[PDB]
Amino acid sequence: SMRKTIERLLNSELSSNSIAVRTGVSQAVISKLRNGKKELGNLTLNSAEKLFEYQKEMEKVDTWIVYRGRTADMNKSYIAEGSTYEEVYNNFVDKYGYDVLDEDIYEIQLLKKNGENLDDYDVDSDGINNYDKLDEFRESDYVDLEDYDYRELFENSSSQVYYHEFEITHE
């Protein structure tokens, strides 16, 4: 899926036969890809999904994300920590508060991801104004936010914190 993560697998010194048995993709494909005989883009979704998921599980333990945010005053700095983007968001909201980020940013991200018209919910600086419509959406079957969406919540928000830097450490 993420061509970056599968590219990091080719960068890895793990054996092509080890990759072949761990993911299920043949050693032939892995050897030809690293050699340059094959291109990752030309590969199928199923095999690429296998390679990406395996590396993602491997990186799950040695991954730490430190968020940095700067307000207008030099003194105010917002920093959060976690191994997952969602963890960083929860650490931030308990550490600092929901009102630091843009009003109702989580709900707005969820609505747009699910294909809902923002106009119906009366979006404004004051947040979601049509609370009753949001309540109808909460009961309705929806698609829960993925980790990447949580990073977007910080970058999208500029009302209080307009500078966003994330540190990703792979060991």
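For every residue, the number given is its place in the sequence shown, counted from 1.
Quiz prompt | Selected stretch [higher average CA B-factor]: 6-14 or 152-160 | solution = Between 6-14 and 152-160, it is 152-160.
Practice problem: Take the C-alpha B-factors listed in the entry for 48-56 and for 98-106, compute each mean, and give the stretch with the larger one. | Solution: The recorded data point to 98-106.
Quiz prompt | Top Cα B factor in the deposited entry, candidates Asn114, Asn42, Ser31, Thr63 | solution = Each of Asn114, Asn42, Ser31, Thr63 was compared by C-alpha B-factor; the highest is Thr63.
Self-check item: Chain-relative CA temperature factor third for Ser140
Solution: Answer is highest: the recorded C-alpha B-factor places it there.
Quiz item: Mind checking which third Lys133 falls in for C-alpha B-factor across the chain?
Solution: Highest third of the chain for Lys133's C-alpha B-factor.
Practice problem: Comparing against every modelled residue in the chain, figure out the third that the C-alpha B-factor of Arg70 lands in (lowest, middle or highest). | Solution: Highest third of the chain for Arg70's C-alpha B-factor.
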